[PDB]
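Student: Task: produce atomic coordinates for the following.
(chains A, B and C)
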Amino acid sequence: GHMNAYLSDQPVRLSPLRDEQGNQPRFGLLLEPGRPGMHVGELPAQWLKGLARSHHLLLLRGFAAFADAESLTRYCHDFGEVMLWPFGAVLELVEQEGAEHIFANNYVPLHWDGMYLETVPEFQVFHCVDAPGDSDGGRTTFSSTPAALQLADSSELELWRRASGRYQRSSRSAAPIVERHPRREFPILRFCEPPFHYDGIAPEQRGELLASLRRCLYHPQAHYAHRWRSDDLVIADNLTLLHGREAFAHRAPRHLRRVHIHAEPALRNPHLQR
Amino acid sequence: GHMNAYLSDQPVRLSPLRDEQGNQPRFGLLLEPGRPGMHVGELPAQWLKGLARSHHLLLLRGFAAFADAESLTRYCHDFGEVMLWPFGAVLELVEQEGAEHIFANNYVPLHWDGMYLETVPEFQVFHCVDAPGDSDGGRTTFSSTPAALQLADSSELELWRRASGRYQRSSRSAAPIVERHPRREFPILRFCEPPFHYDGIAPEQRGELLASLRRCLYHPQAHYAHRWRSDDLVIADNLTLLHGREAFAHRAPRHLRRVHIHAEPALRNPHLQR
Amino acid sequence: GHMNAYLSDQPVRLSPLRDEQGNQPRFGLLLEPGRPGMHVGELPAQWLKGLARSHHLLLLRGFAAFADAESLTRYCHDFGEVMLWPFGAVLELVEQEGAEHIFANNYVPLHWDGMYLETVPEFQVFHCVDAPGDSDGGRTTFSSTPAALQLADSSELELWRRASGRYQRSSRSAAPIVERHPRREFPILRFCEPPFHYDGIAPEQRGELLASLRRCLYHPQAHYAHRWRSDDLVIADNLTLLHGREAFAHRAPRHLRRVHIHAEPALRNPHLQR
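Tutor: Residues are numbered from 1 along each chain as shown, chains lettered A, B, ... in the order given. The protein structure is shown below:
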């Protein structure tokens, strides 16, 4: 059980985001339609963008949504400045039941989008085209870095503040662990989690940096695992959150589509090694 | 009787729009001043625009409003990009008591603004300069096309989906009956009602197209008839609604002023025959 | 005691602004953090700007705020178009305990920012860096000119409407006492109070103009005196309010920082004598 504190002037029902077990982290907002048959496009994108910036993760659930990738794309061009890839606006993310090429990892550690790019998108917009039946594990995960910062104790925090991450894949990227939001100034974390060099601390302290970061980022106050449903529309603040993916035993059938939206104006990657 | 679900962070009182007989359609919002003497300009235009996009029809009632057409015009230039006519920003709509030139129609069927124009305005802004005494009939009418779409049965809907309208006045314009919102993607209707050719269906089906469209567009869930009061300010979503005018027996004295606001950015008419 | 009518869709607690004695004028809004450790930057600037325009004075209290003038500056550049001075973005306003150069005035009469400038800022953004211990008098004051207009009686109002102010410091500036908001049209006052010539009325009426303006501008319905606390962030609508400063006996230690934000787009000063 929990209480609901939101009353909107928009034709929607708002409530705190909670995962399927009822845990309520310190971010996220659930939006549901205020009229029969309401489509996501009926809400003003400028308003949604405001909510995404303060709540960091929006889940629009139960709305009629986009008939195809083209419709989603046109919507996103109205929503903001789409960050285009060689493939266009929409990344297709399709998984088949029990599929699995044996060289992958069983999961995706926490990171942010655009780490190795010339420009960093402010938002991820995910449309769940289809999510039939239920899966075991495999949920998309999100962590609020400001929440993690509130969980850290004095010594954990002191360690984080002197640490820097160096990442390579060739593209290279480096960021202090503790950052400022690149437009809005508030404290955030930028961390790419190992399944990777960490400077500014002693090598003997690497183990403790990772443990403490993980304790706080995966804490129930800071972490949310999303179980997709058909026609969910999720808008994530990529400048504040880190995201990843929960381990799975039985991969379920699922179709997601992702579009990136530029910051205003477009954000030059401050961490890319040029 | 009815319930009121809106609490704003703006200094205003919000409630569901209801016509004078108490019918509450599936759109529309009433705004009333939160302070003695409040003027419409005290509210932020960006916020009003958001509400107009999701509620489709705003009625601001009981506010102090504009002293003259010039004041309204300056306000509208701040509000958004005014769509200018040869006469300037403001169309004067003045009617005299019991006036009536015998070649007109007794009413105005449902249609949208900009049908025959190079660009289509997103909003109509109406200021009621004066509406003394009460009239009989003659109310300005508005229909929510998404509401009408929710009322259609399987067979009505199938018919609508194959139908196209061809309109002439010389300027010509053609639009599918069932459209997508030109910026925000959700399903709408574009229909100019006869007091006119309809393609894609069999001629024997014309009668049923018109009957079913009328049943749904004039349904109490989808239709609102506005009784003007002095200093009302009405903002209508021309991209989602259709509008017209109720038949009158005794034309009452009334002065309205209308300004068109461009879409963002200006919307090239997709239906104009060039 | 008083009632609280605001429920936001933002992660904040809203309530009517009240001074330290519990007087609640006809403007102003108090915002407080909705999460432990929340920083002012977590809220969307576009939303804050909307609230500032309708409530005229926002007090964000209890938020984590800016570590230094540079951080405040970057935030303000995201917030809107900063009006830059030769010193940059931030005016430092530092006072020492019991300090006081014997040629000053004991207080600051009501006026507006930008009177003698080529362009007039829409907003003042004040960050209280530090306000240790409590002061006696010396509070920053704000008056809502629309509230003052609602307090005026028939004869006071008639006098105001024919009066004009002429100000000199060389730079010269002239404005009708009763103005229209330069973007949003609603009635406001533009008045620079004497601790100064007033045209359009008879010299014998100067005394009554000043008395009546003061009665209404300093009335509890129209006037708010702010007691600063560390990390307050205040955003004031300079186009609607007048501001000044309460007399002090014992100047307390205090550090404020002020940034000006241009109107959208920048507002050419309509009252500057060129």
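Student: Could you use CA atoms for every contact and neighbour count after this?
Tutor: OK.
Student: can you tell me how far residue A:239 sits from chain B?
Tutor: 25 Å (Cα to the nearest Cα, to the nearest Å).
Student: Mind listing residues that contact stretch A:141-161?
Tutor: Identification of contacts with stretch A:141-161 by Cα atoms under 8 Å, 6 or more residues apart in numbering or on different chains yields A:26-27, A:56, A:110, A:176-178, A:187-189, A:201, A:209, A:212-213, A:216-219, A:221-226, A:240-246, C:36-37.
Student: can you rerun that using 7 Å?
Tutor: Stretch A:141-161 has contacts (Cα atoms under 7 Å, 6 or more residues apart in numbering or on different chains) with A:26-27, A:177-178, A:187-189, A:209, A:212, A:216-218, A:221-226, A:240-246, C:37.
Student: can you give me the offset of stretch A:148-155 from its chain's centre?
Tutor: With Cα atoms, centre = their mean, to the nearest Å as the basis, stretch A:148-155 stands 21 Å off its chain's centre.
Student: What residues of it count as buried?
Tutor: Applying a neighbour-count criterion of 16 or more other Cα atoms under 10 Å in any protein chain shown, one finds A:148-149, A:151-152 buried in stretch A:148-155.
Student: do stretch A:247-267 as well
Tutor: Buried residues in stretch A:247-267 (16+ other Cα under 10 Å): A:247, A:251-263.
Student: Select from those residues every entry located in helices.
Tutor: Nothing among the buried residues of stretch A:247-267 maps onto helices, per DSSP state H.
Student: and residue A:35, how many neighbours?
Tutor: Residue A:35 sits with 14 neighbouring residues when counted by other Cα atoms under 10 Å in any protein chain shown.
Student: on contacts alone, who are the packing partners of the host helix or strand of residue A:267?
Tutor: Residue A:267 belongs to strand A:254-268 when assigned by DSSP states H and E. Where contact means 3 or more Cα pairs under 7 Å, 6 or more residues apart in numbering or on different chains; DSSP states H and E, strand A:254-268 is packed against strand A:82-83, strand A:91-95, strand A:119-130.
Student: who in chain A is up against chain B?
Tutor: Within chain A, the residues that sit near chain B (Cα under 7 Å from any Cα of the partner chain) are A:7-11, A:37, A:39, A:41-44, A:71, A:75, A:78.
Student: sec struct for residue A:50, please.
Tutor: Put simply, residue A:50 is helix when judged by DSSP: H, G, I helix; E, B strand; the rest coil.
Student: any idea how far it is from chain C?
Tutor: 5 Å.
Student: what do you get for residue A:187?
Tutor: The gap separating residue A:187 from chain C is 8 Å, by Cα to the nearest Cα.
Student: Check residue A:222 too.
Tutor: For residue A:222 relative to chain C (Cα to the nearest Cα), the value is 12 Å.
Student: And the strands in the stretch 151-274 of chain A?
Tutor: Chain-ordered strands for the stretch 151-274 of chain A, with DSSP state E, counting those that start in this stretch as the definition, fall at A:164-168, A:172-176, A:178-180, A:187-189, A:197-199, A:223-226, A:233-237, A:241-245, A:254-268.
Student: where does chain A come near chain C, residue by residue?
Tutor: Going by Cα under 7 Å from any Cα, the residues of chain A near chain C are A:6-8, A:50-51, A:53-55, A:150, A:183-186.
Student: now these in JSON lines, with distance to residue C:160?
Tutor: Output for the residues of chain A next to chain C, formatted as JSON lines (distance: Cα to Cα, whole Å):
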{"residue": "A:6", "distance to residue C:160": "44"}
{"residue": "A:7", "distance to residue C:160": "42"}
{"residue": "A:8", "distance to residue C:160": "40"}
{"residue": "A:50", "distance to residue C:160": "41"}
{"residue": "A:51", "distance to residue C:160": "43"}
{"residue": "A:53", "distance to residue C:160": "45"}
{"residue": "A:54", "distance to residue C:160": "44"}
{"residue": "A:55", "distance to residue C:160": "47"}
{"residue": "A:150", "distance to residue C:160": "54"}
{"residue": "A:183", "distance to residue C:160": "45"}
{"residue": "A:184", "distance to residue C:160": "43"}
{"residue": "A:185", "distance to residue C:160": "45"}
{"residue": "A:186", "distance to residue C:160": "46"}
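Student: All set, thanks.
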